[PDB]
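Atom set for the values below is all heavy atoms of this structure, side chains included, hydrogens, waters and symmetry mates excluded. We name chains A, B, ... by the order of the sequence lines, and we start the count at 1 in each one.
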Amino acid sequence: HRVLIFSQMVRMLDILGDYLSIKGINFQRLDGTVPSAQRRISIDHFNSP
DNA sequence: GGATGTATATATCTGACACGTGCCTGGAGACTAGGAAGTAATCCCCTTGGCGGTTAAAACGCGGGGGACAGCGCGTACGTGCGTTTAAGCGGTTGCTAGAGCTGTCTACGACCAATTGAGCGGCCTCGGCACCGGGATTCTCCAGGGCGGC
């Protein structure tokens with residue numbers, strides 16, 4: 001399985017990103033701080049076979 | 001042997017403590033009215049954490065020259081000291097007037113209260129001016145016919 005995780009706060013997204021960084025899980029991220037080019041890059045990277 | 005240095009005692013000066021007195025202002029006691037605390041309702045602004053898109057401001061780098069700063073010379077203007085003058089400072093005259101303080105009288109002026117009403121705040125209707133739409137007058141580009149030339 002692959003999982004999306006939705007949050008109302010981007011600071012809680014930072015907390016989960018650090019949790020997966022010390023945990024060691026390949027994660028990708030999207031919020032309002034990420035510009036549209038890196039958003040397109042991340043969505044295409046997650047959807048690649 | 002005479003006079004000088006020094007110690008203890010006595011009279012006088014002076015700031016401080018307590019006693020006395022007035023008086024007037026603060027405190028005690030009582031009453032009352034209203035200022036403010038509390039309550040409920042309504043509505044609008046502010047808080048925190050986000051997103052999206054524009055864009056002009058902020059940031060960064062680099063070249064260069066204008067300006068800040070240091071040094072040096074110089075000459076003038078200010079400091080310093082002394083002798084002389086002068087006016088400030090103190091004490092003094094001599095009267096009159098201004099002003100603080102106190103007491104007294106009175107009157108016009110402002111506080112206070114009730115009734116009234118007319119000037120301030122909000123909305124509604126209308127006009128002045130600006131703007132949207134329809135119709136008439138004026139000017140520009142174009143398609144076709146007539147005449148001339150060539151094989």
Sugar of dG53(B), sorted north or south by the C1'-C2'-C3'-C4' dihedral sign: south
Side chain to side chain contact (heavy atoms under 4.5 Å, CB included) between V10(A) and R29(A), worked out: CA-CA 10 Å; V10(A) 299; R29(A) 204 196 149 194; 3.9 Å; yes
Once you round it to whole Å, what is the distance between [atom2] of [N] and [atom1] of [X]?
X	N	atom1	atom2	result
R11(A)	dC51(B)	CZ	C1'	18 Å
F6(A)	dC51(B)	CZ	P	13 Å
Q8(A)	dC51(B)	CD	P	10 Å
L30(A)	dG52(B)	CG	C1'	13 Å
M9(A)	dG50(B)	CE	P	7 Å

Trace of the side chain to side chain contact (heavy atoms under 4.5 Å, CB included) decision for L30(A) with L13(A): CA-CA 9 Å; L30(A) 195 146; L13(A) 286 188; over 6 Å; no
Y19(A), OH: over 12 other non-hydrogen atoms inside 6.0 angstrom: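 No, not enclosed.
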Side-chain donor or acceptor of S42(A) paired with backbone N/O of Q38(A) under 3.5 Å: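 Judged by distance alone, yes, a pair lies under 3.5 Å.
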Short side-chain N/O contact from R39(A) to OP1 or OP2 of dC51(B), under 4.0 Å: no
